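Scroll down for the structure; my scribbles are underneath it.
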Amino acid sequence: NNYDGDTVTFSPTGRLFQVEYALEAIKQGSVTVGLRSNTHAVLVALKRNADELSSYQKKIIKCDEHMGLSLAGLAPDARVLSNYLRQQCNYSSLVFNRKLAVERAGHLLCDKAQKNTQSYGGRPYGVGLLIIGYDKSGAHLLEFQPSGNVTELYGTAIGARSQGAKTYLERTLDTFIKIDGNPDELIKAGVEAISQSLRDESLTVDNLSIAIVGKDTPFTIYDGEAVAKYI
Amino acid sequence: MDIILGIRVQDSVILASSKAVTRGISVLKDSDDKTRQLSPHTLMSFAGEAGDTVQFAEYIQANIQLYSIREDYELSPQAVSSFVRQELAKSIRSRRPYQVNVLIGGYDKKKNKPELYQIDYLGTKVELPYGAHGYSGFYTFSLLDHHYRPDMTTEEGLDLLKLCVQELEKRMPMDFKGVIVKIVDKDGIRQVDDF
Amino acid sequence: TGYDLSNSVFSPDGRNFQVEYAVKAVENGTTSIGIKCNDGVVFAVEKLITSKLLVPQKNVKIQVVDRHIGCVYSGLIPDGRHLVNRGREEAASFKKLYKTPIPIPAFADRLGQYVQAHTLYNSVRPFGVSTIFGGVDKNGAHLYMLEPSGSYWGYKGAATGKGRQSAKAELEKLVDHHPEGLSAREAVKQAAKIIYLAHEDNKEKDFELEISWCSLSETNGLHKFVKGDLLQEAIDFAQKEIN
Amino acid sequence: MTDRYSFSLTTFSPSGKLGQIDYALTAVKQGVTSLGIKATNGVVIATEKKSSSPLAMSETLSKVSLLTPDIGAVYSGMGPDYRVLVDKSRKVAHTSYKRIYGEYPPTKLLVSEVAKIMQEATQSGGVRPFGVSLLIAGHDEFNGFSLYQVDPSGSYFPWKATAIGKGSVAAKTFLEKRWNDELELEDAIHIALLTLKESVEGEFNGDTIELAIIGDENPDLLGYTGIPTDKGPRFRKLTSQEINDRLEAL
Amino acid sequence: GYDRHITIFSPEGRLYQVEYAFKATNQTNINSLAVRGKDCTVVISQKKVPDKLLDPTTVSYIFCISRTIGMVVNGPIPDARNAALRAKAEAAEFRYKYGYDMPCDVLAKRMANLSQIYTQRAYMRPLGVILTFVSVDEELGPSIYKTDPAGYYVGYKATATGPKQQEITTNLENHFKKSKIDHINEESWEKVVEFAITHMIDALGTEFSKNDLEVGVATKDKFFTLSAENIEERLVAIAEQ
Amino acid sequence: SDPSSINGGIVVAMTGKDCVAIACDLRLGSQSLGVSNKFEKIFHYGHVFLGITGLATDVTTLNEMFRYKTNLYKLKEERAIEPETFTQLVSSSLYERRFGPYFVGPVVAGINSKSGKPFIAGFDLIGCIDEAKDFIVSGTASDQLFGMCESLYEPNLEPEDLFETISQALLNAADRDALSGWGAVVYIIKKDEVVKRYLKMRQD
Amino acid sequence: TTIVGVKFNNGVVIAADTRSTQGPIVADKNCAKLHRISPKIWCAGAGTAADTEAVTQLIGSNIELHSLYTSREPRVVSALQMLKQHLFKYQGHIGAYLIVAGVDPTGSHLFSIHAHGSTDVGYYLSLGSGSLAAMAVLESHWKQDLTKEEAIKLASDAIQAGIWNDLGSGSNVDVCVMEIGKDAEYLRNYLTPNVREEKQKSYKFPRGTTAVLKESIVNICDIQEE
Amino acid sequence: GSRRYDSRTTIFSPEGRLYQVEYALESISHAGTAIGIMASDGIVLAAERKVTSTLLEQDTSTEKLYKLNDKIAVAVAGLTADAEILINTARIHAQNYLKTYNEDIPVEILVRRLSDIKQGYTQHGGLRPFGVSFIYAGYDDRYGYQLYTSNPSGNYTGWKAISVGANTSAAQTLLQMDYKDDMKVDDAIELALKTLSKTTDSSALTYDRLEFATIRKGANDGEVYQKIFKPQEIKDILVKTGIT
Amino acid sequence: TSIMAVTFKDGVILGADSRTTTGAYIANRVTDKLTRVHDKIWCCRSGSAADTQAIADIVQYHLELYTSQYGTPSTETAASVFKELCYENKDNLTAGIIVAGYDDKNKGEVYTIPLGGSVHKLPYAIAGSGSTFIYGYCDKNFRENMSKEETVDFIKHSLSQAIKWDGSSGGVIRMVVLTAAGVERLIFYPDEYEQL
Ligand SMILES: [Mg+2]
Ligand SMILES: [Mg+2]
Ligand SMILES: [Mg+2]
Ligand SMILES: [Mg+2]
Ligand SMILES: [Mg+2]
Ligand SMILES: [Mg+2]
Ligand SMILES: [Mg+2]
């Protein structure tokens, strides 16, 4: 209140309000789901249009052949952070001939976000990200908040009404973790999980965005007629 | 480029400059005008390294034109020549110096006097009744030392200049393709169109 | 007033309120501890299981610096990571110029001076972590604890976070009951117990125990994570004592 | 970090006042009294050594300072501000004059340089004005003996005699009665001691008074012989004993 | 009221942030004292280890700045260590540039100048510490010079700092009024330390065990701190006379 | 190619009884070619005189620079600069270009307005001061000038006698140097009158 | 140039010749090569004369400010350390070769310094083109526990060796004696063994000998009133 | 962070005025009055020192009148220390111009430069403006004798007669009444002193409270002389004009 | 120049000649080439005197500041600081330094840092222009764990020969002994070592 004018000010209970307000922008964002088995990892995202004349805003961004993410919140901030990830994935390949571990990508994002929370003049990032990848230790899913907290998960959801999808995945945990060698079944569980967060509208052919990465599967994004199969 | 001469007579300054431009083996042009008008009563001729000559001259011209507009006033020939000298003196200790020699002929409207300044690429300035750069002086100064009078008319100045150019065309090994001659007096700057 | 709106401003009683507010963020974090044993140090931390969907064993919190130093912290996790990144740079530059790995007291001051620097200006915010760290150098084992003010001292045992009061009292008993000292293996067992005891102040959720150690005899003076059988044995010993 | 205070902390108020300068002058007003008197053949500057505790060795705290061999300074106000200004003044006498002309600056121009430093603390970004007024006494060949006052604003004025700090209004009236253009240096010292006694409460002796003169060249303080033109510094600090001798003749 | 938050003048010509930095100087609740012998300079400070989980060997407010210079600090430890690191850097640099050991009084002046800057520049806060520097200087002999958050410094015959500085100060003043000399007329530093501890006991009206004190001694060409056992031997000699 | 002998020229200064003299030739050339016979090398800032030999662009540049500096000196000090003080200023200014120097040989001459003492000094291109009681020489015929001055000079010459001595030193030195001559000027300086004389000499 | 330094009982002495040259030509017959860094720290320089003067003035200026800052008399080791670090940084491009001598509260000192930044300690030193001639004398007559009078004698004899035997050296001997607990005494032209003999003839001219084209009064006065 | 303590010295008010410029002008209105009058044969500068003491060393004192070069002088009203910063800058610009062109700087070109420097402090940098107004008296061979003023906004204008500092409204009315175009310098001297005599807040106008200067071509033949009056010379011209 | 450092039972000894030349002229015949960077860490210098004095002064500063913060540095640490300066500035330096020191844990240690800035820990080391002539003698006569008197003789005899054959070496033989007992300085004059 008197302590929310900038990111360089703790409140008397030890809170950082500008960061909490940045977190609030994610909550307004459209829902996106992430989950994985031991062979594949999947992103599902509900895209948002402005009106009937407009396009549906893209939610999923490829970072490398083995890694990518989905966003909820300020889209230009996702572009800045995904660009940074592309560069870091790229640096690892060029200098070390090594694919960047998903866990290491999470650490780098945390540290980049943190600096915008401790100095004058800056602002925190106003976007949340779900990062999937397949590296030398298998399939991975990460959740990023602009507080800088990054967490490794079997499944999760962020954005408006993400709580429904998140509870579903919590019950299904023992089922979907075992969907090995069957990409289509893993995506189904993803589309079913995201359905627990819809109201008023349902999943249409220009509404739905899906991405998958795994054992012998480069990170690829499906939109349009390619998601009709799952509708 | 090659020959540039100047002579200050009673009421005017006359600058003569060669027309040839030579890229090593071929004479690429035979009508080149090696001069820039800095202000209505001030003319600068130039010679030296390719590119740098025209770049320097146009840079000086732009600066004097800027001063003229800012103050609504024409700088004296002495003032313009001091500005030019400073620029060359600064340039000689640069990373890559301007390799450019100039003559500045101006009519001072306040004193009602023609003035001729000779400045080399080092920033060496001198005011003279007549001057030159390069080898031009070696062939012409003995004639000018003999015939020059401070009370000569413009036509007598041109005739003494014709004699200088004739001696150059006789004894100089290079074909400089004649000269363009320009007169600076109380009425401004004009080109003698047959020489 | 208004003295608490800007970092580095002295209040009329000579206090820096922004630093005191940073301490509130620390007190809000999970419990972390350190125990200095006969020839080493043990570190342990409580990791709250917010959900089933957290992959077990996968969100590691204790961090190594160089090869002989362990660091754990409570409060804002990103701030702790920022401090460890700096500590890694300080350790690298020390070893680069002087050859020998950075001694623990020398390393303590490097972190201390850096954290203190963030109390000198209003253009930065203090660190929202308390850090427990240490390891083995040429003069033996060393355990330290560093606060948001930049204040640090050496310790026999240390604790921070939400269950800090409970852990302290447990730590004090060990100091009283063992003037001769604790073995590294005993210290691991004791560390597991103390985190289990301190988890009462955080009982809402379940938790995951994480332990690490550097011991002259047990790890050759290198920082290692306690895993597998030795971890299970410490979990079992802890479960017994809370029953 | 970086100093992010790149804006002025001293600004004009609606009434045309520069508040921070006025407040600096108030800090000077609270300061211990110091004075200076100009004679025909010299200048004297003087102040009280108000010791903070009797365990303090107050000879280690020098309120009257040599700036050049022929120029000295005293102050009223904040001591630490004075100390750093003396460091800067000693340096600028070299960097912006002696290293150029091979001689020490004349009094008025060293005053000018100190004044400029004080002006800039009154306009530059992220700083407060200096909380001191200086009295600077000196000699140079072409201007002779002189005495200047410098204020927190950077303004300076030449004086025949003046006082600054606590008891300055009374001291200035005392000085107006006694000053004339025929005073010899000893007369001015005597008047300085009389003037200074009025503003001093406690002990009044060589150990509690700090007094220096600009007078004749002191070849005995040069440190070497053999260069005729070098005749020694004109600045000299009087000893404890030298002050007490003149306090019997009081 | 922003003249209270940064180091600009208040309408009475005061710097409140400096005044409040002086108040932070007593937050540790520790008193220190320094005296001069014929050949030495002794500094003592109370030591309080209120937590049993602390390693008491790491708890200290006395610093070895150079071979010849010691420093005791009154104030919180982060600012104390900030000042200690800087003083160490300055002393080492001085020796490199000018070819001789930095004198105690010159280091004090330098640290006092740095402190003055924090009182004039807005972006920097004052350090909440008082610094007492001691040595046996090669030109000036036994030396005590003390710096504060105002950028003030001066040399002392003897001095005291902390919450109860006045009691210690007056006790010391009374002794020197009697003896009429600027120092403790004693050959050995052991006896000068015993004098220092004795007069702190009188002035504070409290007794000390070996773990309640911290002692630093400066002699010709070195400054050193005493161990608990060297201090015990001091305490024993005090009690036996 | 050697910058200090492209343009040619000389300067000499002498002390006498309550007077000083400073003189120079008037030539400016481009090696073998004579360009100007009116290139004066002596300048004055108040009552202090400065002669400069060497590269002509630097001669002109330094005069403009010392006019600049002595004008500011006067505005601030409220008095004209003295010879001793100006000498230090020339030295300081030249040494600031230690590793990219002005190719010159300056000479200072004047009388201190307070002491009345005659003063002269010379410098190398990098600022080293030569303060001579007797005479100072500079230029492309400096060897010749040293020879003339060493034998013609005697101390305490009256102004009218000093004029003849310095004029003959310059003239005969210049006539043994290809790059010097084409005219000459002599300044006779007393505490409150300065006379300037153009000499008649051979024009080859 | 010939320059020497000699330690004695209670202090140190330095000396130098008084000739400065421009190749083979003598520019100044009575040069002053003994410079003051501070009242009791003097130095003598060989090499590039502008550099020896300049580096001496600069360190002397900084030494004076240091002395004021520390309230202590300047030390020779300070002048030495400041000189060598300045010269080292310029990698020999500042052609200053010096002998530095002085007294301070710590005692009496004698050092030499080379243009690249190296320094040396000694009881007797010599620098310049006449250094080998001077050192031959010093190696022949130096002994431990010299008196002030013996050291002045030895130093000036060493300079004389350079004067008579080295073409780069000549004219007079300058000396400066720095004794502990005393003012430094600078003895300019301590020896004068090279006065020019009277010439055979006077070369004063008859007045009117020189041909004149023009006379004119030069206005050295400022713009006049009224 | 630091924003909290920023006064924002370079912002418009809602009426389109510059706060700090307006407040600097308020400061200047309490400074001693300075007057410049331009005649056909020269210029007069007259200014009142602020309330003096008997112990002030007057003959070595300067607070109002300063020399910029041999042809141009200024009278100061406002903060003296601020003025000396700008004065030294102007002295340098004049020498830069003389070095570049080998001609003395025309009066207006100097005035414009100083005024542009003042303007900059009102538009960028976040610093307080200079609390100074100048009267420039000078001569060049283009426009001859010229008078200008500049103020903290960096605005400048030319005048036949002008005042700055205290009581300019009263002073300007008095000048406008008695000024005539064909007036000479000796007449202008009298007008200037008479005007100060009437507008002063002091009891009487005496020599020790004045600074005085003339710029005349009363230097022999086609050349200009500046005269900063000594205390005795101010005393004489007070008697001669019949004010004391 | 002839310099060497030798480890033995009780610690380490440094040795050097005292000649510095400018071409064929002996600019100083009583030079001290054994320089102290810490109480019991000394070095022998060879190459550019300006470079090695500058380097040693910087190292002494680094170790003074190290000591103030972290206590007594090891001989290895001192060698590392020398190396860092010699390696990173190899284009602009001509320095060949031997570092020798005594610890109570490690006892006597010797490191040599030749021209390129490499470091080599050795039982003993030789360097300078005169060392070339005693590679054979030193390799045949060095033993580990010699006594103090034996080690002094070994260095004295070794540098005796280096001085004999190398015109750039000569004067007195200086030595510095580093043990637990302290720091001892020795000097040996020509009339002694020439007759060996
Ligand atoms: Mg030319
Ligand atoms: Mg501050
Ligand atoms: Mg000739
Ligand atoms: Mg010819
Ligand atoms: Mg000729
Ligand atoms: Mg080199
Ligand atoms: Mg040999």
Side-chain angles (χ1 to χ4, degrees), chain D residues 3-27 81 115-131 150-156, chain E residues 2-3 5-11 13 15 120-123, chain H residues 2-13 15-31 76-90 113-134 150-156 164-165:
Chain D
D3 180 357
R4 312 209 52 185
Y5 291 77
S6 51
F7 45 84
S8 286
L9 302 180
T10 298
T11 66
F12 297 96
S13 67
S15 65
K17 303 282 260 151
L18 291 172
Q20 286 294 310
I21 296 181
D22 294 347
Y23 307 160
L25 276 166
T26 301
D81 282 17
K116 175 170 183 281
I117 288 160
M118 293 175 77
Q119 190 281 337
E120 287 166 342
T122 237
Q123 179 168 34
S124 297
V127 296
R128 59 159 180 83
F130 290 88
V150 193
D151 280 352
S153 64
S155 294
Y156 61 93
Chain E
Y2 282 147
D3 63 317
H5 294 191
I6 56 168
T7 56
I8 60 171
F9 287 114
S10 71
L15 299 173
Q120 181 155 213
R121 224 105 92 197
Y123 87 106
Chain H
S2 70
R3 147 173 39 256
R4 201 191 311 285
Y5 313 96
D6 181 16
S7 301
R8 298 147 81 226
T9 60
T10 68
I11 55 165
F12 289 109
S13 65
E15 295 73 49
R17 287 181 206 273
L18 300 169
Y19 291 109
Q20 290 292 114
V21 167
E22 297 302 326
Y23 303 164
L25 284 164
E26 181 64 40
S27 183
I28 288 158
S29 73
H30 307 297
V76 179
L79 279 7
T80 313
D82 286 15
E84 291 204 10
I85 299 295
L86 293 166
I87 282 169
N88 276 312
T89 299
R113 222 103 90 190
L114 253 202
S115 299
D116 289 342
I117 290 173
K118 289 166 163 187
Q119 189 283 152
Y121 279 68
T122 76
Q123 186 157 218
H124 54 79
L127 304 184
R128 69 162 187 87
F130 292 93
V132 179
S133 283
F134 287 120
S150 64
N151 69 50
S153 65
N155 182 233
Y156 74 95
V164 295

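Below, read A as the first sequence line, B as the second, and so on, with proteins coming before strands; counting in each chain starts at 1. Side-chain atoms are counted along with the backbone in the values below, which use heavy atoms only and exclude waters and symmetry mates.
H:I11 contributes atom CD1, which lies 5.5 Å from atom OH of H:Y19 (distance to the nearest 0.5 angstrom).
Distance alone, capped at 3.5 Å, is enough to place a donor-acceptor pair between the H:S2 side chain and the D:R4 backbone. Put simply, the side chain of D:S124 never gets that close to the backbone of D:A121: no donor and acceptor are under 3.5 Å apart. In this structure, D:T122 contributes its side chain and D:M118 its backbone to no donor-acceptor pair below 3.5 Å. A donor-acceptor contact shorter than 3.5 Å is absent between the side chain of H:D82 and the backbone of H:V132. Within the 3.5 Å criterion, the main-chain N or O of H:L127 finds a donor-acceptor partner in the side chain of H:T9.
The minimum heavy-atom distance linking H:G131 with H:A24 is given by the pair CA-CB, 4.5 Å. Nearest heavy atoms, H:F134 versus H:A83: CZ-O, 4.1 Å. Among all heavy-atom pairs drawn from D:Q123 and D:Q119, the shortest one is OE1-NE2, 3.1 Å. The shortest heavy-atom contact between E:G13 and D:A27 is O-CB, 3.5 Å. Between D:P152 and D:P129, the shortest heavy-atom distance links the atoms O-CB, 4.4 Å. When all heavy atoms are compared, the tightest approach of D:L9 to D:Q20 is O-CG, 3.6 Å.
H:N151 and H:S153 form a side-chain donor-acceptor contact under 3.5 Å, judged by distance and modelled atom types alone.
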Q: Starting from the C-alpha separation in whole Å, work towards a yes-or-no answer on side-chain contact (heavy atoms from CB on, under 4.5 Å) for H:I87 and H:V76.
A: CA-CA 10 Å; H:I87 282 169; H:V76 179; 4.1 Å; yes
(Q) Show, in sequence, the C-alpha distance, side-chain angles and deciding distance for D:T11 and H:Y23, and conclude whether the side-chain contact (heavy atoms from CB on, under 4.5 Å) test is met. (A) CA-CA 9 Å; D:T11 66; H:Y23 303 164; over 6 Å; no
Q | Intermediate values then yes/no, side-chain contact (heavy atoms from CB on, under 4.5 Å), D:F12 and H:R128 | A | CA-CA 7 Å; D:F12 297 96; H:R128 69 162 187 87; 3.7 Å; yes
Q: Could you please spell out the steps behind the side-chain contact (heavy atoms from CB on, under 4.5 Å) verdict for H:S27 and D:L18?
A: CA-CA 9 Å; H:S27 183; D:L18 291 172; over 6 Å; no
(Q) One pair to check against salt bridge (charged side-chain N to carboxylate O under 4.0 Å, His left out): D:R128 and E:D3. What are the steps and the verdict? (A) CA-CA 11 Å; D:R128 59 159 180 83; E:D3 63 317; over 6 Å; no
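Crowding of H:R4 atom CZ: a count of heavy atoms from other residues, nucleotides or ligands under 6.0 Å exceeding 12. Around atom CZ of H:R113, more than 12 heavy atoms belonging to other residues, nucleotides or ligands sit under 6.0 Å away.
Cation-pi contact between E:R121 and D:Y5: absent, since separation from the ring centre below 6.0 Å together with deviation from the ring axis within 45° is not met.
Taking the six-membered ring for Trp and the full ring otherwise, the centers of H:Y5 and E:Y2 sit less than 6.0 Å from each other.
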